[PDB]
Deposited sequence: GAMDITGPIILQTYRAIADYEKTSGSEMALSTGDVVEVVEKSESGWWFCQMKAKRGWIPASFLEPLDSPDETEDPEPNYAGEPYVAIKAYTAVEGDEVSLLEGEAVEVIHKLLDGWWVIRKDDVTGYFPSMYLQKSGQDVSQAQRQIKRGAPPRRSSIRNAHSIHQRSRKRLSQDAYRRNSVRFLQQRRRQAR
């Protein structure tokens, strides 16, 4: 594949500067002495909440809400920090109504709606141990936990308030119980 080389000195700007010790992958060697290279890609898991799409403030792949609800149970206890969050003890049953991609799902419990970490929930009637081993990291931080976020979009991201979620929830819910 691509050969890996190392910079033995600093090179100033060639849209890429070089710092001694830098590791690069050589894409094209040339007898001209100028080689086209790329820095080792920097990858990793990050909280979706800290990101915003470039083209628009709104996420394009969030699934649609389902007010009918899906039965889930808390597999890990969580204490609400903000008013729009739901506190649950392990074993408490809830109904998921919006599986948002930022990890904080809207759930319904006792006629009211609020957010809860998806990672701490599992469909009812399944192996709890299995869902717990799937937890290899804590709940991601919420966007509302960010102080002084900076956006490139003047318009705010579209997201129903908990009151709006509740009004839809009480009207279009489905109980098989």
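When the deposited sequence is numbered from 1, the segments without any C-alpha atom are 1-9, 23-25, 190-193.
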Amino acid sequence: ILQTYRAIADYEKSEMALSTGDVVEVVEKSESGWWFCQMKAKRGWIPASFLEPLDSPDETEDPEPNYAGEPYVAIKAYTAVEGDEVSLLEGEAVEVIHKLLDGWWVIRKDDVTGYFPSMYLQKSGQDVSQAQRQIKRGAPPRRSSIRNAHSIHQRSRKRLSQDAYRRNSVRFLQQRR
From here on, numbers count along this sequence of modelled residues.
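Judged by mean Cα B factor in the deposited record, 130-138 ranks above the other of 47-55 and 130-138. Per the PDB record, of the two stretches 114-122 and 142-150, 142-150 carries the greater mean B-factor over its C-alpha atoms. Annotation for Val23: CA B-factor lies in the middle third of the chain's modelled residues. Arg159 sits in the lowest third of its chain by CA B factor, as recorded in the PDB entry. Ranked against the other modelled residues of its chain, the C-alpha B-factor of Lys109 as given in the entry falls in the highest third. Among all modelled residues in this chain, the alpha-carbon of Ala68 has a temperature factor (C-alpha) in the middle third. Ranked by C-alpha B-factor against the other modelled residues of its chain, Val86 falls in the lowest third.
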